[PDB]
Amino acid sequence: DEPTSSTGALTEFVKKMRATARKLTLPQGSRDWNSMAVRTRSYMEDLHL
Amino acid sequence: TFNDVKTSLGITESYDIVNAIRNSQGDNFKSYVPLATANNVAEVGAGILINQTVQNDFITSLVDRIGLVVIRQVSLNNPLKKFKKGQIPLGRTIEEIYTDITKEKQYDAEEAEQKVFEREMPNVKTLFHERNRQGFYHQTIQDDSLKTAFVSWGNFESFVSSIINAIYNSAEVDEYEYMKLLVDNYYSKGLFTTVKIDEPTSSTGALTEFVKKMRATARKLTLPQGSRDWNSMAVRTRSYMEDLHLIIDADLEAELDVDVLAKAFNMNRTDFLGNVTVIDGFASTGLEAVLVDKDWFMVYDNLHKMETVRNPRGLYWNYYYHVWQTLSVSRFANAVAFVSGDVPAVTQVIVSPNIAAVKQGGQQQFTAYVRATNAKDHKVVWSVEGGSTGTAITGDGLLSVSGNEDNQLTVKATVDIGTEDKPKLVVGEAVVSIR
Amino acid sequence: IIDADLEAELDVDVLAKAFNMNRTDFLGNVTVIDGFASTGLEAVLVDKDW
Amino acid sequence: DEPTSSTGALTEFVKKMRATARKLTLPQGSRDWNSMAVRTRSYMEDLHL
């Protein structure tokens, strides 16, 4: 919702972002979040924002 | 072996960045104007899919080569592995025995006079499990034809090993998936005690209500006096807080952290009780969360073998990784579902002494536990079938078997749902052997 | 003596979001139970001699 | 002067102040922070307010 517009948008940003970050590191892997639609998995220390 | 190899094969542009830069009016693309090879960088910024042969810019007839090959490897692992109970090397069926508690009797020495040796069996319930998964993974490696795609053994070899690694990853992924299947399965059969919840996420009020219901439930599950209300077997039992596992998912824990834990100061008063292990959600409609005992997961290994065979004629290897295992659920373990949306008025009628052996002409008491999802009253209609004249249930669970009975009996506990205009119902059931 | 459900209401909504929990806690002792039969009964406060 | 509507108008200057201060310390060192329009770079310990 574009943070700089209304407070709370930041909190929604944070939610979405943190949730996504979690998803990106789930042990079993996932086939989302990449342009090759391949199943993969990352690590938080290997993940940059 | 392809023609018309456009560089943007799978591209769905949102905008033409080249023209965006080209037409910068002092807007935010102006910082790329100082760049010189930006257009070329952009052209293949995301890499390419179909390799197109590229000739050397100086010689032209001389062709440019692949200078580096990077083989990437991912390790996938089953989160739920921690719930694996063990390994069964032989034999098939697994049996659980749960000795339940009993009904006290009113004191009366006048009856005791004659009933000293009256005997009474313990309320013991049992549950069986069978080996279920027996799948395998199949990969083919044409390791002679593959030689043409490499120029070194390091690359060739590591590639091959990657394929095998993929087999193991496959196993981990699917094992995980099967365990989720058990949850959705058990749910689909109406075997969880359903906590109806307002849909979480949609509001912080809903989220909060969810949390309250969660902690309250977790509390109930561990109370000393025990409870029958969390078991499909309706046995009274007790869980330990450290043995409770709440699954939920990443979406939910994010909201918990952001809306609740950052804004609270006394975190422990809102934290989820027991252990929490997020996953990728559940597929059952509305199944938002599952709270179960660590011993709910009846999971045992039965077989893990990789065998191979080469096809002379075809010059290739087949890899067969067999994975057998017992995947089940203990109905003696406490199990709770948090379900959004609408649920049935009653999800399950549990009739007790499932297996009886009434002496012909005798009788048997059947209790019943109606898993209501609400505070409404639900009268139970008892019914007996498969028997003959004089065999009937009086209601309130008392089965009266006729002296001439000889057929296996079915005892039912019907709970009506809705109006008589195509009324619905749930049937609990127990069976009786006639001695 | 309190139904776990009510206990949680306090816990989550009130004890959290407070700097001085001692101004919101329940007076007397608290014994959490599975609940009570009879519509509307949430918690019971009694003297030890009850 | 104008933070924008939606709460905000209590930290609007705080955010701009801190943001700007960070911009002057970006490693790549931008222009637009000095009257000579030169690429340059400041350090937090060298900034004064």
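Definitions and limits used
- Residues numbered from 1 in each chain as written, not as in the entry; some residues may be left out.
- Chains lettered and ligands numbered in written order.
- Part of a larger assembly, values for the part shown.
- Heavy atoms only, no water.
- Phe/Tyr/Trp six-rings, centres within 6.5 Å; stacked < 30°, edge-to-face > 60°.
- Helix = DSSP H or I, 4+ residues; strand = E, 2+ residues; numbered from the N terminus.
- Buried < 20%, exposed > 50% of the residue type's maximum accessible area, 1.4 Å probe, protein only.
- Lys NZ or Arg CZ within 6 Å of the ring centre and 35° of its normal.
- Pairing = 2+ DSSP bridges.
- Contact = heavy atoms within 4.5 Å.
- Buried area = accessible area lost by both parts, 1.4 Å probe.
- Salt bridge = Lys/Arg side-chain N within 4 Å of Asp/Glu carboxyl O.
- Polar contact = N/O pair within 3.5 Å; in protein donor to acceptor, adjacent residues only side chain to side chain.
- Nonpolar A, V, L, I, M, F, W, Y, C, P; charged D, E, K, R; others polar.
- Expected span 1.5 Å × (residues − 1).
- Axes fitted to C-alpha atoms, helices over the stretch in contact; angles between N-to-C directions.
- Parallel < 35°, antiparallel > 145°, perpendicular 65-115°, else oblique.
- Left-handed = near helix turned anticlockwise from the far one by under 90°.

- Its PDB header names cryo-EM as the technique used to obtain the model and reports a resolution of 3.6 Å.

- The name given to chain A in the PDB entry is Major capsid protein, with the source organism recorded as Bacillus phage phi29.
- Recorded in the entry header as its title is "The cryo-EM structure of bacteriophage phi29 prohead".

- As annotated in the PDB entry, chain C carries the name Major capsid protein and is attributed to Bacillus phage phi29.

1. Re the packing of aromatic side chains
Residues and elements named next belong to chain B.
Stage number 1. Throughout the structure, instances matching the rule amount to 17 aromatic pairs over all chains.
Stage number 2. Geometrically, the ring pair formed by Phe83 and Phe297 is stacked, given 4.2 Å between the ring centres and 15° between the ring planes. Residue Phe83 is found in the loop between α2 (38–43) and β1 (86–87), and its partner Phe297 is found in strand β9 (residues 297–311); the two are separated by 214 residues along the sequence.
Stage number 3. Accessibility expressed as a relative area gives 4% for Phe83, which makes it buried.
Stage number 4. Taking the centre distance of 5.1 Å and the plane angle of 75° together, the rings of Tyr168 and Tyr321 count as edge-to-face. Taken together, the residues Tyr168 in helix α4 (residues 153–188) and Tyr321 in strand β10 (residues 316–329) connect sequence positions 153 residues apart.
Stage number 5. Stacked on the ring of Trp324, the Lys or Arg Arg131 has its end atom at 4.3 Å from the ring centre.

2. So, the sheet that holds strand β18 (residues 398–400) of chain B
Two pairing modes exist for strands in a sheet, parallel and antiparallel, and in both the strands are linked by backbone hydrogen bonds.
All names here are of chain B.
Stage number 1. Reading across the sheet, the 3 strands line up as β14-β18-β17 and stay open at both edges, with antiparallel pairing between neighbours. Every interior strand has two partners, whereas the edge strands, β14 (363–365) and β17 (392–393), have only one.
Stage number 2. Here 3 bridges tie β14 to β18, and the two strands are oriented antiparallel to one another. Looking across to β18, one finds that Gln363 is bridged to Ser400.

3. What to know about the interface of chain B and chain C
Stage number 1. Each partner contributes residues to the interface: chain B has 15 residues there, and chain C has 17 residues.
Stage number 2. At the boundary of chain B with chain C, total buried surface from both sides reaches about 1,400 Å², with 58% on carbon and sulfur atoms.
Stage number 3. Across the salt bridge formed by C:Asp11 and B:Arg215, the nearest N and O atoms sit 2.6 Å from each other.
Stage number 4. On inspection of chain B and its partner chain C, the count reaches 9 residue pairs in polar contact.
Stage number 5. Considering only residue class, the side of chain B that touches chain C consists of 5 nonpolar, 4 polar and 6 charged.

4. Concerning helix α5 (residues 204–221) of chain B
Working note: α-helix, 3.6 residues per turn, so residues spaced by three or four point in the same direction.
Stage number 1. In this model α5(B) runs 25 Å from its N-terminal to its C-terminal C-alpha over 18 residues, within 8% of the 26 Å that 1.5 Å per residue would give.
Stage number 2. For α5(B), every residue scored as buried is listed here: B:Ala206, B:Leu207, B:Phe210, B:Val211, B:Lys212, B:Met214, B:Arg215, B:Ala216, B:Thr217, B:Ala218, B:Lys220 and B:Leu221.

5. Regarding the pairing of β9(B)
All names here are of chain B.
Stage number 1. As defined by bridge partners, β1 adjoins β9 across 2 bridges and the pair is classed as parallel. Paired with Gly86 across the two strands is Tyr300, which belongs to β9.
Stage number 2. Sheet analysis places β9 next to β10, joined by 14 bridges and oriented antiparallel. Looking across to β10, one finds that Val299 is bridged to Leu327.
Stage number 3. In this structure, the hairpin formed by β9 and β10 is closed by a connection of 4 residues, where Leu315 is found at a positive phi of approximately 60°.

6. Quick notes on the packing of α5(B) against helix α1 (residues 4–15) of chain C
Stage number 1. Orientation of α5(B) relative to α1(C), taken along the N-to-C sense of each, is 130°, at an axis distance of 8 Å. Accordingly, the angle class assigned to the pair α5(B) and α1(C) is oblique. With respect to the hand of their crossing, α5(B) and α1(C) are arranged in right-handed fashion. For the pair α5(B) and α1(C), contact is made by B:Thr208, B:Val211, B:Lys212, B:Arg215, B:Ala216, B:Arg219 and B:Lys220 and by C:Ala4, C:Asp5, C:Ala8, C:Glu9, C:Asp11, C:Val12 and C:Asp13, respectively.
Stage number 2. Residue composition of the contact of α5(B) with α1(C), by class: 5 nonpolar, 1 polar and 8 charged.

7. Some words on the pattern of salt bridges
Stage number 1. In this structure the tally under the stated criterion is 29 salt bridges over all chains.
Stage number 2. B:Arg269 is the salt-bridge partner of C:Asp11, the closest N and O atoms lying 3.1 Å from each other. Taken together, the positions of C:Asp11 in helix α1 and B:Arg269 in the loop between α6 (250–261) and β7 (275–276) put the pair across two chains.
Stage number 3. Since its relative accessible area comes to 32%, B:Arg269 is described here as partly exposed.

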